[PDB]
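Single-structure report; data block below.
Chain naming follows the written order as A, B, C, D, E, F, G and H, and within any one chain the residues start at number 1.
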Amino acid sequence: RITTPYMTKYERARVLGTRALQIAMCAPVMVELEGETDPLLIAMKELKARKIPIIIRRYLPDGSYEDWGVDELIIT
Amino acid sequence: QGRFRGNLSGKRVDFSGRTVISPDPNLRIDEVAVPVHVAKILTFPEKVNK
Amino acid sequence: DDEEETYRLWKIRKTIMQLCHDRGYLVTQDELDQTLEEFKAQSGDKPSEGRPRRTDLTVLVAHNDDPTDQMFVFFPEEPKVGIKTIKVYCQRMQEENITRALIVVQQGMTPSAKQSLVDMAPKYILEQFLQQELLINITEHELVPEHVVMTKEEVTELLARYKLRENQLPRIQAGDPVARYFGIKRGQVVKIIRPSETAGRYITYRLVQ
Amino acid sequence: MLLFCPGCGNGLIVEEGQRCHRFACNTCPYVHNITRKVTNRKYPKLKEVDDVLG
Amino acid sequence: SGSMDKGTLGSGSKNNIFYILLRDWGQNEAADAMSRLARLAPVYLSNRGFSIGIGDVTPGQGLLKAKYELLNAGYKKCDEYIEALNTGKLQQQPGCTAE
Amino acid sequence: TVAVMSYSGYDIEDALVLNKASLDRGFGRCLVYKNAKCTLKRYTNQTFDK
Amino acid sequence: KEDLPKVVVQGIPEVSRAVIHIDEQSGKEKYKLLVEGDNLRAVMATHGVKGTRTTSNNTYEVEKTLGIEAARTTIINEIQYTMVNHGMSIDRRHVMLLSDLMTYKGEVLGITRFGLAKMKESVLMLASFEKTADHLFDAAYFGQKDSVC
Amino acid sequence: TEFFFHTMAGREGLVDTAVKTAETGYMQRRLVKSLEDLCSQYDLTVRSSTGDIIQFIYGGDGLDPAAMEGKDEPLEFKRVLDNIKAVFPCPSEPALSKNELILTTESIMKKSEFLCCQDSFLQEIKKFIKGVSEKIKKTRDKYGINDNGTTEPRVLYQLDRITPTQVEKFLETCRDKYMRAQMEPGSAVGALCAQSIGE
């Protein structure tokens, strides 16, 4: 709860990459795509709709961690 | 040309091309024009999904 | 001579007073703010002034920590201090039961005397100081930021806030001029306040190692 | 200055004899006693009072 | 008010209109504005015409006269300085020799 | 016949615009000749490349 | 006669040349000393010199004389001045990070192979940068396990 | 002779660039090989690969050099205020005086979302607000503008016109820009510094 509430660009890139890799491997879609044959476009649509089922696990340098939902974080 | 500098830090990769550049203002700043000949050679593996 | 030498002596005495005030020892405001006229009143000539004895200081006590703790300042008259002078100073401190002493050399210290002073005794702490360095106060320099030695409680609070260890803090050598100016030992932490370009300040910390 | 023996042409050094300082050569018994004052000025260049620039 | 130039449309430093668009309304708006500029400016530049010729760099009569007078004055002053240094005493600038 | 002017923004940095009709009528037409050499040598044994 | 005129009678032996620079500010024209020497302590200790506002270009002398933080500040100021001299600007955070990396172990360590070896611990990077065989054989002798951090 | 001298100068420039290429290439290689280990952690502390801390906070404040709008400053308050006034001109709200501006600024700044912001930025915002309030006071004293809002020439209110809506918009925009200009954790700050020094 102490880190920045804004979702960084690295987190965005990694989440979009993981979601595109999953969707490319026959993952279920939660935004009801309309003729999008590119998995990255579907991942971006899910991110804009805030329906990505991925929780970022931010690790502190000492060893502590904290979980943040994609819908909980702030996007730009 | 050692292993560290020539084969570990910087190495050669496939699925790449090299071509001379020419101006084209009718394209967006985030877009780049690729020739048809190179496009037929550089392939992308797409997984079959629903 | 007899004009620049007394000025150097007065400035060295003022710098020593400032160093003792920064370390926490008891010095009155008159000793800190001492004009050249008062120093001339004490002694206005080089032969009248006594470097080995008339300038020695023994009233230096850590009033904040313990009045019983005593610190001494030496001013050897010879340019190069030998083993015999170090032994005389050590036996005098043994007589007066003083554990902390400073040696303000005039030109330098012989390597044998340096090695002996390094391993005199763990209880007898003696620091070598050149008069050339003491002619200017390091703290008053514009490049040198404000350094404050933190207590064990503050170091514990820092380590708890940042979830760090002692070895993970930035290092600073014991032979650093500021480190010898403050007389900090291995394991102590110093907070440094760097003046930023704006009205704010940057707080950093360094561990002596 | 640099002086040489008229006999053989080697360099002359300054030594002290039994009566007075004399020029002598290391390879011949030639000597020469000093009668009056002998001087050799060099006139080194005097550093000028450098101007204040800026 | 004002006319666009490198100080406002170039890649020199801040105060650029595209930089203001990027910092105020995001990346997409700046990209669209740059695309519209790159698609508009060449069309108008071609329809208006912009050419350089040998007559665009030729000197005028007043320019030639001024250049001749300035060359004469400079050569006379340089000859005076040469004569002052070679024959006589020349005012030596601080921090440097006479040469 | 070169005309120094800006046209269509396809000559931004050092580029030049060519005329299609000019290239169609032989302007700039070039020929590249390459050589392919082969050798049929006799070895130590009494056999030859055929 | 070969070395009698070459004896020092007054001044700092390390100091080779000092000039009187002047600032012609409209409020007042002030005088400062520009010394082409390698002894900052002696210059500060001299009479009539305001040692509180004396800087230098040699980072090693500043480190040895006024501490590691003064050395960091001198590095920052000198890098920024050298960059501004060419008309190109760099954000101060980059040079601050560089100075902090050079001055985080209490001693100014350079970017050369020696300073990089004194700062870094990874054997693979030390071998890849410079002195491959020497570093590899030294690591094999010490048996130093290298992580993948 | 002039052509020969010009060719000499051109060849001097050419050899200078030829030496500069290799020299800066080697310098860039060294700088990147030395600085590639540093990274910005999530606790706002720059640490090396072994875990040792290089800086408790990057640059002393923690702002992104790529998102630096001003001259080594996060925001240009004058341009931001002008943009807020231009984008959201409220014609149905009266102007604010010096006291009213200071009061609304102090009321808005004491909210919860401004607590997590750094103190230096808040002090700079207070300084800019005090400066613009002094400017408005000087204008109203020059032109005799009354704070009651009953002056006959209403065009006098158009000299320095400020409304609490514009104040809130300006403060929220400054807060959002300062929050979005901070160093995003995980960025390779060392490589960026090496490149921005070598180039």
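Brief remarks on what is shown
Rule of thumb we're sticking to: contacts are C-beta pairs under 8 Å (C-beta built on N, C-alpha and C of every residue); 3 or more make two chains touch, one makes a residue touch a chain.
A quick map from chain label to UniProt name: C = DNA-directed RNA polymerases I, II, and III subunit RPABC1.
The chain closest to the protein's centre is G, with centres computed as averages of CA atoms. Chain centres here are Cα averages; for subunit C and subunit G they lie 25 Å apart.
Centre-to-centre separation of subunit B and subunit E, using mean CA positions: 40 Å.
With centres set at the average Cα position, the gap from subunit A to subunit B is 27 Å.
Between the Cα centres of subunit D and subunit H there is a gap of 77 Å. Shown for subunit A are the residues in touch with two or more other chains, namely 60-61. Each of residues 43, 45, 51-55, 60, 72 in subunit H touches at least two other chains. Residue positions 8-10 of subunit F each touch two or more of the other chains. The complete set of chain-chain contacts reads A-B, A-C, A-H, B-E, B-F, B-G, C-G, C-H, D-E, D-G, E-F, E-H, G-H. Touching subunit G in their complex are the following residues of subunit C: 4, 7, 132-133, 135-138, 140-145, 147, 170-173, 176-179, 192, 194, 197, 206, 209.
The touching residues of subunit F, when paired with subunit B in their complex, are 8-13, 15. In the complex of the two chains, the subunit D residues touching subunit E come out as 51-53. Every residue of subunit G that touches subunit C in the complex is listed here, in rising order: 41-42, 44-45, 47, 51-55, 62, 64-70, 73-74, 92, 104-107. Residues 127-128, 132 of subunit G are the ones touching subunit B in the complex.
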